[PDB]
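To start, the structure under review is shown below, and the notes come after it.
Nothing fancy with the numbering, it's 1 onward along the sequence. In what follows, every heavy atom counts, from backbone to side chain, and hydrogens, waters and symmetry copies are set aside.
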Amino acid sequence: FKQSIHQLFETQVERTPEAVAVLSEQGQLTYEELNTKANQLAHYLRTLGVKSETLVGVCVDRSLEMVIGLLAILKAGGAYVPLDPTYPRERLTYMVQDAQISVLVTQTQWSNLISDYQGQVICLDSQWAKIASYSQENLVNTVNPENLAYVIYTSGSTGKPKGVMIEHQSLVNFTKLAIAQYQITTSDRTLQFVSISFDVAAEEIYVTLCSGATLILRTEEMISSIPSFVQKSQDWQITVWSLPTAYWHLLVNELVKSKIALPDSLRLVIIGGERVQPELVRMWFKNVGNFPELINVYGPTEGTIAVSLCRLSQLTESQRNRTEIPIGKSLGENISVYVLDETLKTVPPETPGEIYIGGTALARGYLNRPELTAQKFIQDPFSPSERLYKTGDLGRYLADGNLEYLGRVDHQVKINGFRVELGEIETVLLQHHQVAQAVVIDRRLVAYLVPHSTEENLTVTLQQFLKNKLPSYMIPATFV
Ligand SMILES: Nc1ncnc2c1ncn2[C@@H]1O[C@H](COP(=O)(O)OP(=O)(O)NP(=O)(O)O)[C@@H](O)[C@H]1O
Ligand SMILES: [Mg+2]
């Protein structure tokens with residue numbers, strides 16, 4: 001039953017070539033058009049040396065071009081590495097070097113973001129004539145399921161981010177299970193919300209495209225106000241929202257504060273990223289009710305997007321009335337979500353422990369971080385041919401079988417919905433000449449430091465220093 005993520009999409013293209021696949025404010029592509037265009041780019045990428053295990057940087061904005069690019073890389077046999085164009089030059093440059101990327105799929109407006117790069121560059125906005133000269137046919141046997149589909153960077157406590165390596169087989173497994181869990185059909189219209197820097201974008205994109213639904217790319221302007229967000233979702237007739245929990249929190253507050261009606265097309269809201277506030281869940285069910293369906297989805301990047309879900313709209317009133325809203329049960333049978341003690345033994349129900357993930361969900365590992373890999377991706381001592389990923393998440397199984405998230409064992413947090421290792425910021429701040437010791441903590445980010453030879457514009461100095469190294473959400477909003 002061997003399958004690549006793009007084969008899964010290709011099957012769907014055969015089924016419904018003329019359905020709309022992607023839609024943005026600026027235009028649209030049918031399944032056939034998306035496929036043939038990605039095929040053209042893929043064929044070109046092959047002539048540039050892209051083959052299985054080749055890492056291809058992708059530095060694009062959210063656009064039809066982005067989706068063509070991702071699929072092209074996949075069809076070519078390569079694995080993409082998202083290069084968020086809002087990140088500072090120094091970060092993107094580290095990632096390009098760390099990942100040894102020699103092909104970069106980008107656009108002309110981003111062309112000078114890499115401290116200059118000797119690899120091949122493809123600008124999709126300006127080189128389309130050249131790309132249109134390549135074959136429109138599907139490529140064959142470029143990749144196996146164990147080969148990489150993408151390497152996505154996440155925050156590193158030691159001072160630099162690191163790439164999580166995801167193989168097709170775990171991504172395909174996730175997409176299939178999620179299509180069936182959410183009942184995605186050809187009539188669905190899913191809003192693509194999160195940046196491809198975060199692996200929830202893969203869920204949005206591939207769940208939608210591998211089932212024949214229509215993927216609707218959001219604008220930047222539509223999220224800044226909830227009324228705009230809702231109204232736009234109504235204009236687009238969106239059926240599925242995938243929202244960071246922290247944005248969803250905003251949404252629930254604004255729904256009650258105002259008298260805003262959810263779009264009438266909306267049937268499913270998928271949330272995850274962090275602890276959902278039980279009070280806002282109560283507020284949801286009081287003001288909205290059980291439709292649209294609300295689902296809490298949990299997992300880390302290292303277990304391929306998500307491993308567990310809880311249908312919040314299906315919970316009893318008293319199940320919603322605990323200190324914590326459950327994250328639920330395994331997405332599927334080949335994904336194991338354990339709560340284990342410190343010798344990796346399961347515990348009786350209702351006893352807390354650390355969440356470990358096993359089975360088909362696992363990343364291959366971290367890219368070029370052998371110590372970190374060996375430490376987080378452990379050989380299962382009771383099932384020798386298998387691994388367990390150590391999440392750093394504390395949890396417990398309730399007697400009803402549902403999993404509870406109980407917090408972290410460490411200094412990883414969520415700021416604006418994004419994964420942040422506090423030690424990354426701290427490690428980086430320490431590198432500055434007039435910083436001697438530093439502690440950064442939540443809650444959102446406040447940096448506590450003892451200066452070396454302070455001026456009174458130290459705050460503004462460190463904000464510039466961090467501005468050119470870290471993503472904005474990692475920049476402490478106040479200093480002390
Ligand atoms: N539904 C949820 N409820 C509570 N916590 C959650 C939930 N989903 C994820 N988490 C937490 O978020 C972690 C995974 O975050 P992850 O998706 O890996 O980061 P990210 O938001 O994608 N940013 P990055 O990893 O830097 O690209 C888990 O280990 C949990 O700590
Ligand atoms: Mg994730």
Side-chain angles (χ1 to χ4, degrees), residues 62 171 173-185 187-196 198-218 222-223 226 229-230 232-234 236-252 255 262-263 265-278 280-281 283-285 288-301 303-315 320 325-332 335 337 361 402-403 405 414 416-419:
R62 179 189 284 101
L171 178 58
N173 181 64
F174 168 87
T175 305
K176 286 180 154 137
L177 294 170
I179 289 165
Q181 287 283 8
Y182 308 146
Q183 208 64 11
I184 304 304
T185 70
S187 305
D188 279 307
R189 301 157 64 78
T190 302
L191 183 67
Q192 210 282 296
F193 185 105
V194 67
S195 165
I196 58 171
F198 308 99
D199 70 353
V200 170
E203 165 180 39
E204 296 168 1
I205 294 160
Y206 306 118
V207 165
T208 298
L209 296 179
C210 294
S211 67
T214 304
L215 185 73
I216 313 295
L217 298 186
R218 78 164 176 103
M222 84 178 265
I223 72 155
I226 300 306
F229 182 72
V230 170
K232 192 71 187 179
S233 296
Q234 170 73 34
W236 280 139
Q237 290 288 98
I238 296 295
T239 64
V240 174
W241 275 347
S242 169
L243 305 179
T245 304
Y247 195 78
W248 179 79
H249 285 154
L250 259 74
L251 172 85
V252 163
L255 282 179
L262 287 175
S265 45
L266 182 67
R267 65 166 185 90
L268 174 63
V269 186
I270 301 168
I271 66 167
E274 52 189 277
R275 197 192 155 268
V276 68
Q277 286 174 25
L280 301 193
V281 167
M283 194 175 301
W284 173 267
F285 287 114
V288 171
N290 293 132
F291 185 85
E293 178 168 41
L294 184 69
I295 306 178
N296 188 21
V297 177
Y298 157 87
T301 298
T304 307
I305 305 171
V307 300
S308 91
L309 68 74
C310 183
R311 279 170 218 282
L312 298 194
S313 307
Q314 293 301 315
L315 297 172
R320 284 196 287 259
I325 296 307
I327 47 160
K329 310 200 182 195
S330 194
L331 213 69
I335 297 172
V337 186
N402 274 331
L403 183 62
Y405 173 77
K414 291 277 168 140
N416 313 322
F418 308 122
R419 180 171 155 170

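For the residue pair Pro300 and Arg419, the shortest heavy atom distance occurs at CB-NH1, 4.2 Å. Closest approach of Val207 and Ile179 over heavy atoms only: O-CG1, 3.6 Å. Minimum heavy-atom separation, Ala201 to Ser195: CB-O, 3.6 Å. When all heavy atoms are compared, the tightest approach of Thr190 to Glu204 is CG2-O, 4.2 Å. The two residues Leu266 and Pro292 make their nearest non-hydrogen contact at O-CB, 3.4 Å. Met222 and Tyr247 make their closest contact through O-OH, 4.3 Å (heavy atoms, listed as atom of the first residue, atom of the second, distance).
Taken from CD1 in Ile335 to NZ in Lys329, the straight-line distance is 15.5 Å, to the nearest 0.5 Å. Taken to the nearest 0.5 Å, the CG atom of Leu177 stands 11.0 Å off from the OG1 atom of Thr304. The distance from atom SG of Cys310 to atom CG of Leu315, rounded to the nearest 0.5 Å, is 4.0 Å. A distance of 9.0 Å separates OG1 in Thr214 from CD1 in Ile238, rounded to the nearest 0.5 Å. The structure places OG of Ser308 at 7.0 Å from OH of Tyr298, a figure rounded to the nearest 0.5 Å. Between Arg267 atom CZ and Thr185 atom OG1 the span is 6.5 Å, to the nearest 0.5 Å.
At least one donor-acceptor pair under 3.5 Å links the side chain of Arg320 to the backbone N or O of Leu312. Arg189 places a side-chain N or O within donor-acceptor distance of the main-chain N or O of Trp236, the cut-off being under 3.5 Å. In this structure, the side chain of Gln181 engages the main chain of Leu331 through a donor-acceptor pair within 3.5 Å. Under a 3.5 Å cut-off, the side chain of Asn173 and the backbone N or O of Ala361 do not form any donor-acceptor pair. A donor-acceptor pair under 3.5 Å links the side-chain atoms of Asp199 to the main chain of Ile305, judged by distance alone. With hydrogens and angles disregarded, no donor-acceptor distance shorter than 3.5 Å links the side chain of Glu203 to the backbone of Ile205. Formation of a donor-acceptor pair under 3.5 Å by the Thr245 side chain with backbone atoms of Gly272 is found in this model.
Side-chain contact check for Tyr182 versus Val240: every heavy-atom pair is 4.5 Å or farther apart. Residues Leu280 and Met283 meet the side-chain proximity criterion, which asks for heavy atoms closer than 4.5 Å. Annotation: side chain of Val230 is in contact with side chain of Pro263 (closest heavy-atom distance under 4.5 Å). Counting heavy atoms from C-beta on, the side chains of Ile270 and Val200 never come closer than 4.5 Å.
With sequence neighbours left out, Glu293 forms a salt bridge (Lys or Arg N to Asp or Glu O under 4.0 Å) with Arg311. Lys232 pairs by the salt bridge (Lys or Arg N to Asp or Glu O under 4.0 Å) definition with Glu25, not counting sequence neighbours.
Within 6.0 Å of CD on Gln183 lie no more than 12 heavy atoms contributed by other residues, nucleotides or ligands.
The aromatic rings of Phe229 and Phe193 sit perpendicular, their planes meeting at an angle over 60°, well past the 30° parallel limit. Note: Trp248 and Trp284 have tilted aromatic rings, judged against thresholds of 30 and 60 degrees for the angle between ring planes.
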